[PDB]
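Chains as they are written, first to last, in the deposited numbering: chain B, 0 to 338; chain B', 0 to 338; chain A, 0 to 338; chain A', 0 to 338. A prime marks a further copy of an entry chain.
Protein chains: 4
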Amino acid sequence: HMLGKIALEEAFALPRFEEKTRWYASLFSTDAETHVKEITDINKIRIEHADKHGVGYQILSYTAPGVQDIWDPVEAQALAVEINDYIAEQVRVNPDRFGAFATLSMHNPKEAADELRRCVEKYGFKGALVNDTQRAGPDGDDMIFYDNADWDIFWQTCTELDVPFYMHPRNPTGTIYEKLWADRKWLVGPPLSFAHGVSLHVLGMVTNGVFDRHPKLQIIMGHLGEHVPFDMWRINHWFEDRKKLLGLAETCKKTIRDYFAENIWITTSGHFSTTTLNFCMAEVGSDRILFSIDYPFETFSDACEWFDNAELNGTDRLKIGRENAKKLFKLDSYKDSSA
Amino acid sequence: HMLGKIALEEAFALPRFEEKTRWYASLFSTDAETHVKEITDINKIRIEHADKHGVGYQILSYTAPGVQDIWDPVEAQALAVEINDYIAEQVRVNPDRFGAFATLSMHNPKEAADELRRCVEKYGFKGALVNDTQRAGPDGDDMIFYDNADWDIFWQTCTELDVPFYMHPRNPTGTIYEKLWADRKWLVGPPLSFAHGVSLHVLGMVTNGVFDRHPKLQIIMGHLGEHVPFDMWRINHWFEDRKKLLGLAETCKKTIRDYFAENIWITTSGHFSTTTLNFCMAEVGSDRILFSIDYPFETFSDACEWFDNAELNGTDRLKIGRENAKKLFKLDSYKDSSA
Amino acid sequence: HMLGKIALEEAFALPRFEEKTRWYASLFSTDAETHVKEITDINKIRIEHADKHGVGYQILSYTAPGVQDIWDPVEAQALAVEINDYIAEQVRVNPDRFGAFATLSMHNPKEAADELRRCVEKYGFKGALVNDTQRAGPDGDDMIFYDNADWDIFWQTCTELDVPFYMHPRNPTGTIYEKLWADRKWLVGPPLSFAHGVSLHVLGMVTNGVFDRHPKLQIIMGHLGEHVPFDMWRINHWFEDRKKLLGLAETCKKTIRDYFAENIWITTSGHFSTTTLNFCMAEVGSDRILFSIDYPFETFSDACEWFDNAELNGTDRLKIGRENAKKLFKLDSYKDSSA
Amino acid sequence: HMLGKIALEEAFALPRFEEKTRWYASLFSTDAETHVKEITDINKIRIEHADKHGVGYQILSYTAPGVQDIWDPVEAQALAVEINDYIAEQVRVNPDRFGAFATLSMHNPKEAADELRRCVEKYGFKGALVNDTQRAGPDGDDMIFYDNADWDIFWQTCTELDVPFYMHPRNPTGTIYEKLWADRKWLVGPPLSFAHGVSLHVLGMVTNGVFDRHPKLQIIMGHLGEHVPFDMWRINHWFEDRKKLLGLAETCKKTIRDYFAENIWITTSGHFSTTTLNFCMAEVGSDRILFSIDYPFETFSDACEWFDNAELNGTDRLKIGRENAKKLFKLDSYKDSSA
Ligand SMILES: [Mg+2]
Ligand SMILES: [Mg+2]
Ligand SMILES: [Mg+2]
Ligand SMILES: [Mg+2]
């Protein structure tokens, strides 16, 4: 029933990666043929879905593992440049229905900053979406995290442009996959491993002072915050009453609740649970929660029929459904933006 | 105000491990001297705490990382035998205030089964408490999980004796610690890494059919279930509507909600949050939630003043506070058990 | 999807009162012709609905205002006897699908007690359902409440027979209607007046010590408890921290939370809200909540699609759906009672 | 711990009414001597309490039953004028700590409108606080409600001046008291009668179209909204799916959720329950909830220790604590208003 909703964890893939798309679909889809069509389509099926389910505007991003799977830095950068130019062309068909996040190679802080800057300045992209750590090293088994001082130039570029960064999950690989996941492979993806990666990375940013050096940085997590709201009391307790007396305060000057009020956002992607939503409204606040789908790994129908029919007060339905994203992404006037 | 409460995530250490105790305390205590006294004391300070805060009965267990830190299997087994004999002597001082969980070396399924059987039959121990995977391999960098068929003889010993198994966390080590945690070390322990380990292990048991082969097995998680209640909707969705159509149903015959109704328990250790407690009552049911403290890493005062004063209906305060544990551990008559 | 559900706030009317039935339907139904057929039907339409929606057992009761609308005590008693004889015959047709509550004239405690006894001992009725106060006095402008010593013989009969009493609401009338409701008549019934009546009567029983003199008496409230769980904190505060120091303790020996743990039940009748149900789970506890519908004022479809599809842990779905009622009413097998 | 809090359900009484003040205290206080001093004190004890507990600003209002108890309209109007003149002088002593609501005789819409206007325009009062219906008729047994067209000139004055109206409760009297409450007198006041009165009056305004004819009018309810959020689902169901098809739509153009999003506010006065506050956050939304105390019937300590220590996200603590009220009342700087 609500119109003009905003979704922003919505993936596409390049048509030339059909084999990679189908392998990934064998993990995370029960209808490979529809998945292939839907994840490559931009302007037809995706708009029909949005028109049926009251989604006015979507910010598109590249599927996982995406560029973060590419440990050759020259190929990785070329892939990201290609994706960004491709999606910028595709969204011109429906500029009042589609924005895009920058796709980035994250091997090098300045290289990523430049390409994000290009995407925002040349194309009006809305921010960056990155699938956790960048694969690096001779066989891809090394991981590049962004929660350190080398990445200050990148985070400062995010705050200068005043665009958010969405920390999306990706599958475990190499040594980590072999050691922890191969003997329980059905837990890979949404059931467990996705949250473990994103929460590690974002809390790393918390405790390594990224939001102290970059107080205006906005960071977005999908799936209602990858377990983090559940432990808000536990993390805050073990920060303020424990680790902050043992040295953590050297690199982390605010409480975990402060960072959720000032820096961190969560979305409803892949977590269509009113009971959890209500719990998240208490632990993080309706102001910091955004509607999102996780299409085409989730369907518009599951996400939107859930949200439209959830028992929820009118104030927060509007805020979560569009008005929070409207203020954060400086969005004026898209289809049904004030309906 | 409530008397006769039961706590069961309550740690002790052997007096001869003072150096190891103090290093661990440097990570997780702000008062090393009191921690050393409290974690070694059984029958004086611990009883004074319990008497002040209405805790009638406690099931004691060995501190983490405990025997799971020992990758030499002969030393590991000897350490566990020693701990079990030691704690059995100590609790005879106050049999109406103290029980114990078996401490186990988990290098070998039958060896562990035998020692659990010895602990239960000879000493009346209440079950087993194990700190996640057993360290193994030449330098301790290998991990032994119990979610496979080799461990059927062990789980069958748990159901034959009809005693629960408590899956407690331990710190990351070796390769995992270096790769994921060293650059964000303040997240080790309660803030994050503990839950990531236990939830992986228990959901592994779920998806590898442990509770299908052993339908009566009772498994206990601390800290309100190590994030798992937060994702009950998400896990159930990605099981029943996704992975269960791609092959997961071969080794996992019930829903994740079924397993929480029939097999899995959570406790309130280290998570003194009424808001999270209420959310857990919805996602798992008051019947499956047990009071616990996590002493001496948490204080009786934080845990018991929280629980005693939490806004909660009388039915569930009794059940969570003692009556659930009373039925599960076949407990008759301890101090204030019906007060 | 849940089978064997038990509903117990389900009304019927005698065929000969079609005129009263249509007048009541002009207030509370948007489909009067269907309402007339549904409220008089017992063994055909009602069964089909229950077969479609997983409802194995129903305890039937007489529509409001029912006998409580009759202020001639001789006429009232005769209608009560007439109704009980009628419904006892009707439920013989499908005894594994239906039980009944006694319908009573509440003009005289001993008279009400004897007719409840007859219903239980002659017909096997499961308790009583009464529509709030009994209209009395020359023009029906007086109200008979049952929260006083004259009614001890009646409450002692409920506890001797060990069967609950369901405090159902009825419309305001007479002076009360004219002074408070006539100028805001759309508030009459479910929107507000109903809960005001029942909550006053039941909290009267609390504060006049009915449950003190009859500690085994079980009292049931519909509609998730007629506002009372919302004010559980506030009522308990203004009792224990205020009125109990000024005189209330003289006739009220326990806390409001005790009485909800020991004497009071609530049902989901006409209140198909998971958010409010979760809150009631916190404030009264899943053990004290019973599924129910409020047919034909509510549909089977609304009530059952809500409950069957509500996000809820498996333990409490089974308890609220049937097992709480199976125990309170000592029910034998019925259709799908263990499905 | 939160500084600069705003409370706005805070009562005072005129020194010359000590006899009425002590009689009311024999109903609602366990310490009459302190209550007498506290309810008459403005600038000493009240300030000390507020300094100890982080309350920067208070909007004062006249105790119940106040002017609404006076059925001589000439006497009523003169007491109203007397009270407003008195409190305006008292609050000059500490204008950065205190504001006031207008006290009104509600016998005549135009008379009430003019005295509200005088209070706002001469004294800078922030709105009106009225204790439910105005006692009227020869012996005060009639009630004047304000949910009708005769009161349009008054509601238009509230919207012209752009200041809210706080619907406070008062005791039942006369025929209503005798018929419903005299036999269960411990329910009078906070336990039940108060909410029944306010919720009836405010929902009357809804269903008689006051907010339709005055869409900018703001109405405030104490005590987390006098049961109404509990029945939000039930009221909305029986409006939109029932009464709105039978005639209600004629005088009621929007849903109950709309009116809570657009017109209605609730406060935490006398309802210091985090569990119930979370539920109200789901059903009405944190943007529509204001901190308040209900002093001196409640203590600063109860209200403020609850709110300052309640587990709550930082965004909503700031909004409920002060920022919601700072905006609704267009407040200038006050003590710690940005602390
Ligand atoms: Mg996604
Ligand atoms: Mg522990
Ligand atoms: Mg009914
Ligand atoms: Mg008040």
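Backbone N, C-alpha and C fix where the C-beta goes; we use that ideal spot for every residue, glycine too.
Rounded separation between residue i and residue j - CA only
i: residue 156 of chain B; j: residue 126 of chain B; result: 11 Å
i: residue 23 of chain B; j: residue 189 of chain B'; result: 34 Å
i: residue 264 of chain B; j: residue 207 of chain A; result: 52 Å
i: residue 37 of chain B; j: residue 187 of chain B'; result: 40 Å
i: residue 117 of chain B; j: residue 229 of chain B'; result: 38 Å
i: residue 215 of chain A'; j: residue 261 of chain A'; result: 8 Å
i: residue 91 of chain A'; j: residue 300 of chain A'; result: 26 Å
i: residue 268 of chain A; j: residue 333 of chain A; result: 21 Å
i: residue 135 of chain B; j: residue 327 of chain A'; result: 54 Å
i: residue 279 of chain B'; j: residue 198 of chain B; result: 20 Å
i: residue 71 of chain B'; j: residue 292 of chain B; result: 49 Å
i: residue 314 of chain A'; j: residue 288 of chain B; result: 12 Å
i: residue 67 of chain B'; j: residue 239 of chain B'; result: 34 Å
i: residue 5 of chain B'; j: residue 219 of chain B'; result: 14 Å
Sheet register partners of residue i (DSSP bridge)
i: residue 54 of chain B; result: B/4
i: residue 129 of chain A; result: A/166
i: residue 141 of chain A; result: A/135
i: residue 61 of chain A; result: A/11
First through last residue of the beta strand (DSSP E) which encompasses residue i
i: residue 34 of chain B'; result: Residue 34 of chain B' -> not in any beta strand (DSSP E); alpha helix (DSSP H) instead, spanning 31–39.
i: residue 97 of chain B'; result: 97–99
i: residue 266 of chain B'; result: 263–266
Beta carbon proximity, residue i to chain B, threshold 8 Å
i: residue 310 of chain A; result: yes
i: residue 158 of chain A; result: no
i: residue 277 of chain A'; result: yes
i: residue 237 of chain A'; result: no
i: residue 287 of chain A'; result: yes
i: residue 154 of chain B'; result: no
Opening and closing residue of the alpha helix (DSSP H) in which residue i lies
i: residue 307 of chain B; result: 299–308
i: residue 313 of chain B'; result: 313–317
i: residue 152 of chain A'; result: 151–160
i: residue 105 of chain B; result: No alpha helix (DSSP H) contains residue 105 of chain B, which DSSP labels as neither H nor E.
i: residue 69 of chain A'; result: Segment: none, residue 69 of chain A' is in no alpha helix (DSSP H) and carries neither H nor E.
i: residue 342 of chain B'; result: Any property of residue 342 of chain B' remains undetermined from this structure, which presents chain B' solely from 0 to 338.
i: residue 326 of chain B; result: 323–327
i: residue 22 of chain A; result: 17–27
Any chain B' beta carbon closer than 8 Å to residue i
i: residue 189 of chain B; result: yes
i: residue 207 of chain B; result: yes
Interface flag, residue i vs chain A, CB-CB below 8 Å
i: residue 273 of chain B; result: yes
i: residue 20 of chain A'; result: no
Residue-level contact to chain A' via CB, residue i, 8 Å cutoff
i: residue 304 of chain A; result: no
i: residue 230 of chain B; result: no
i: residue 264 of chain A; result: no
Could you say if the stretch 140–153 of chain B and the stretch 175–187 of chain B' meet the contact criterion of at least three C-beta pairs nearer than 8 Å?
The stretch 175–187 of chain B' and the stretch 140–153 of chain B touch, with three or more beta-carbon pairs separated by less than 8 Å.
Evaluate contact between the stretch 112–128 of chain B' and the stretch 30–44 of chain B', counting only Cβ atoms and requiring at least three cross-stretch pairs below 8 Å.
no
Segment contact flag, the stretch 304–319 of chain B' with the stretch 261–279 of chain B', C-beta cutoff 8 Å, min 3 pairs:
yes
Report yes or no: do three or more beta-carbon pairs, one from the stretch 275–286 of chain B' and one from the stretch 312–322 of chain A, lie closer than 8 Å?
yes
Counting pairs of beta carbons, one from the stretch 52–60 of chain A and one from the stretch 91–104 of chain A, are three or more of them closer than 8 Å?
Taking 8 Å as the limit for Cβ pairs, the verdict is that the stretch 91–104 of chain A does touch the stretch 52–60 of chain A.
Is it the case that the stretch 12–21 of chain B' contacts the stretch 78–96 of chain B, given that we only count it when at least three CB pairs across the two stretches are under 8 Å?
no
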